[PDB]
Amino acid sequence: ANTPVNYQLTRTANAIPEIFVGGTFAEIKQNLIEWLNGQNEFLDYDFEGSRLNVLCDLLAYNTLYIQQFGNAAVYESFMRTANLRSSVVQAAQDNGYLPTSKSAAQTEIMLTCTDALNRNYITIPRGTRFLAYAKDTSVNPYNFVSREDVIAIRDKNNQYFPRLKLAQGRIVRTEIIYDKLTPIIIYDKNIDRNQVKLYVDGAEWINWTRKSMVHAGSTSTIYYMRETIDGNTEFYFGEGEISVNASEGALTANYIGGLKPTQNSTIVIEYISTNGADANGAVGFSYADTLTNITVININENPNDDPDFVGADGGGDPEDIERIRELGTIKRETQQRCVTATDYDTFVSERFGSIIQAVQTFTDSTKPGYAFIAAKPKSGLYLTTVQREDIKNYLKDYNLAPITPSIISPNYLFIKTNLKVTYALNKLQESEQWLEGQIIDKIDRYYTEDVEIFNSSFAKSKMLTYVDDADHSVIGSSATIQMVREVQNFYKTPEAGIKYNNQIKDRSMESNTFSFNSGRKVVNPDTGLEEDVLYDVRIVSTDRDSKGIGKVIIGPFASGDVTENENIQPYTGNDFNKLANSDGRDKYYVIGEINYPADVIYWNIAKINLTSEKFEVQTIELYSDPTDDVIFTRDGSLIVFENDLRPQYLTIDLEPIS
Amino acid sequence: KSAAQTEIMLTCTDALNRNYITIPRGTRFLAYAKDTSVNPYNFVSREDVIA
């Protein structure tokens, strides 16, 4: 049982050559005090004689003074032992992967605008800026600028919408005369290397490195980045044989490194510094820069709706040492082109790393040719379809040819909770309400501290610890969870059904109430025709049955709603839970069945023959209460904290106490 | 000399309609001495109180 051993594994989890380890001074002396002892020159001198002792005592002080220099450098010297972050990037940058500066809040708009000139084609030139208030705050909009040129066909009726996508900040372009001996610094903070583009005289060069990088451009066009230890970015390009080497495709051969400069190739670069990570979820937009003859009659948010979405994107801290540290090793491991699934993990982690807290690369053995991806928008659970499309194509750049990237947000276990938390009034002068605003931070803290990381077993209580930890003037804290999944088809279970991975109490399997259109007719004075009647139902589990099974009981039905079949009967069992309706309609059918041990849950509404369309809503939320304390996750099913988008899943009651 | 001391209850509507306002320690009130309104005698909230 557990782990038997033969002298197994190696050297803890990770190398500590540990001659380097800083020890306690006294011990350091204690070691060294021995050192001077046994020294052939004198075996006589007693060190515990306080006279020599303090003298030797001093040697250690310097020796300790000097050691942490010698030791820390090693931690520094070796990535993943590097304690300095600007260290970490260096080896990472060296490994062929860099962390980036905060990455502009980005979005798309379509806007319908009439040109006053009625020309066939207007362009939106790159660099028109728009304003967006951050969510719920109009005090200031966040400026953001047209990413690139875009033109639009004038539709007939003369009004036509262009569409374009938007990153946040201001276009900031600077020309520089290049010179042989000189650094090329941008001292700009809020810079992000991903929105950095430049022009040598004329044509654009790309840092090969995550811009294009496979095109006929022959690599003569190129340059690099680097991070000044200061925190500002300096430019770099390869000098001399800037292409691979020698003669290559040219018949004349000789040597070209470019950028002599003398004055040649005056370098003009163009970039956006940004306020980002603060701008996420900026919904209200403005058209903040006018053009000749173009007038936006409407700017309408979010083409191709998710439908659940927020304003902009992006931003970023930028920096985290933990996600960055090991990571580049995989990029150090992998080549540029992404090959391995985790190579697709780490590669995706490069670009939209600030978009994605966690990305799950996997194959679905069913569909080959598709790279199946489960990622965290980290602002939310759902990358807007353009993002999905966006990184996809960009990702798709690095990939095996027949392979296709396929990104889907996996299903998400939802933890539906009412919280009961007590505090002493007197104990806190601070505004009660804001306390709730406090805890509501510290709740996701645990998540971000834990749950999204591994998507392992989830501890309710352990979560409640930190929210307990919040005010310390909180007297007590309580909560109750309802494990919640969302369903895409009310009508038919997914083939495999649905499983909780987690034991639930019998009969504690619930669902959402929802109306149902019933063909029967309603008329009321002044109402007139009134279509027909519709009432609501919900999905009900019957009791546990022997062999841990249950049959899915449909919501209550009025008489004549469902054509009665000799096969299908009103379940009309004693047990099954029932909502209380004004109808008193007692017709209940089995639409399907479950078993509690397997946690697997199936039904089909084809069973009851009831028409899909006589239901109004396509998706229903799923309610259940796991009998077990902690929540287990397996695959693609992860508990997560999104309160803002889905507050009804998170509720907190506040108990004032004197 | 030991400050003239009293208690008040006062009914006050919060414009904000928050559940609990405090009266922070140190809000000052005026009281005319008996029969003389020429000057009130300032006096101050002794301590915080919430309602």
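Cβ: placed from backbone, ideal geometry, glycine included. Neighbour counts: every protein chain shown. The values are calculated or read from the model by the stated rules, or taken from the named source; no laboratory instrument gave them.
Observations
- Within region A:583-624, the set of residues being of a type in the set (A, V, I, L, M) and over 33 Å from the mean Cα position of the chain (by Cα) comprises A:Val590, A:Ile591, A:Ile594, A:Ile605, A:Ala606, A:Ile608, A:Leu610.
This table checks each residue for (1) surrounded by 15 or more Cβ atoms within 10 Å (Cβ to Cβ); (2) β-branched (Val, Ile, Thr).
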| residue | (1), (2) |
| --- | --- |
| A:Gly550 | yes, no |
| A:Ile554 | yes, yes |
| A:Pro570 | yes, no |
| A:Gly573 | no, no |
| A:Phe576 | yes, no |
| A:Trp603 | yes, no |
| A:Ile620 | yes, yes |
| A:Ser637 | yes, no |
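- Listing of strands (runs of 3 or more DSSP E) fully contained in region A:135-209 that carry 2 or more residues being of a type in the set (S, T, N, Q), assigned by CATH to the domain that holds A:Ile122 and without any contact (Cβ under 8 Å) to a residue 24 or more places away in the chain: A:137-146
- Leading residue by the ranking (nearest to A:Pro377 (Cα to Cα)) among those in region A:448-472 that are without any contact (Cβ under 8 Å) to a residue 60 or more places away in the chain and crowded, with 16+ Cβ neighbours inside 10 Å: A:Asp450
- As a summary of the residue check, A:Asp526 satisfies the conditions (1) over 22 Å from A:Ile594 (Cβ atoms); (2) outside any loop (DSSP other than H, G, I, E, B); (3) not aliphatic (A, V, I, L, M) except for the one numbered (2).
- Segments classed as strands (runs of 3 or more DSSP E), wholly inside region A:233-347, with at least 1 members that are touching a residue at least 12 places away in the same chain (Cβ under 8 Å), among the small types (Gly, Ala, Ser) and crowded, with 18+ Cβ neighbours inside 10 Å: A:267-273
- Looking across region A:371-385 at every residue that is in contact with a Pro (Cβ under 8 Å, 6 or more places away or on another chain) and not in a loop (DSSP other than H, G, I, E, B), the one that is farthest from the other protein chains (Cβ to nearest Cβ) is identified as A:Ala371.
- The set of residues from region B:18-40 being of a type in the set (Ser, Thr, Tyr), within 14 Å of chain A (Cβ to nearest Cβ) and in a strand (DSSP E or B) comprises just one member, B:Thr22.
- Of all residues in region A:412-453 being away from chain B (no Cβ under 14 Å) and of a type in the set (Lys, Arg), the one that is nearest to the chain's Cα centre (by Cα): A:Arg445
- Residue count, region A:210-229 (criterion: in a loop (DSSP other than H, G, I, E, B) and touching a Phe, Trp or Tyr at 6+ places or on another chain (Cβ under 8 Å)): 4
- Hey, A:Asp94 out of contact with any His (no Cβ under 9 Å at 6 or more places or on another chain), among the acidic types (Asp, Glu), within 30 Å of A:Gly169 (Cβ to Cβ) and in a helix (DSSP H, G or I) or not: yes
- Flag set for B:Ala15, criterion: assigned to a loop (DSSP other than H, G, I, E, B) and over 17 Å from the mean Cα position of the chain (by Cα).
- Flag if B:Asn42 is closer than 21 Å to A:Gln433 by Cβ and of a type in the set (S, T, N, Q): no
- Among the candidates B:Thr36, B:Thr13, B:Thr27, residue that is surrounded by 10 or more Cβ atoms within 10 Å (Cβ to Cβ) and free of Cβ contacts under 8 Å to residues at least 60 places away in the same chain: B:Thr27
- Among the residues listed as A:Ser582, A:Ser559, A:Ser518, A:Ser546, the single one being surrounded by 16 or more Cβ atoms within 10 Å (Cβ to Cβ) and small (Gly, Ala, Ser): A:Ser518
- Residue within region B:5-16 that is under 30 Å from A:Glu655 (Cα atoms) and within 14 Å of chain A (Cβ to nearest Cβ) present: yes
- Restricting A:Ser409, A:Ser515, A:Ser461, A:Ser456 to those that are more than 14 Å from chain B (Cβ to nearest Cβ) and assigned to a strand (DSSP E or B) reduces the list to A:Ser515.
- Scoring A:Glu350 on the criteria (1) of a type outside the set (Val, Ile, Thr); (2) loosely packed, with under 15 Cβ neighbours inside 10 Å; (3) farther than 14 Å from A:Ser406 by Cβ leaves a single failure, condition (2).
- Within region A:635-658, residues that are within 14 Å of another protein chain (Cβ to nearest Cβ) and over 12 Å from A:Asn418 (Cα atoms) have Cβ atoms under 8 Å from residues that are of a type outside the set (A, V, I, L, M) and assigned to a strand (DSSP E or B) in these pairs: A:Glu655/A:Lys420; A:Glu655/A:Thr422; A:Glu655/A:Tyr423; A:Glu655/A:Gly476; A:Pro656/A:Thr422; A:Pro656/A:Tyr423; A:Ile657/A:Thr422; A:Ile657/A:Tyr423, counting only partners at least 6 apart in sequence or on another chain.
- Residue selection: A:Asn517 fails the criterion of being of a type outside the set (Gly, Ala, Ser) and either without any contact (Cβ under 8 Å) to a residue 12 or more places away in the chain or touching a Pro at 6+ places or on another chain (Cβ under 7 Å) (or both).
- Residue check for A:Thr81: buried (at least 17 other Cβ atoms within 10 Å of the Cβ), farther than 30 Å from A:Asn157 by Cβ and over 25 Å from the mean Cα position of the chain (by Cα): yes
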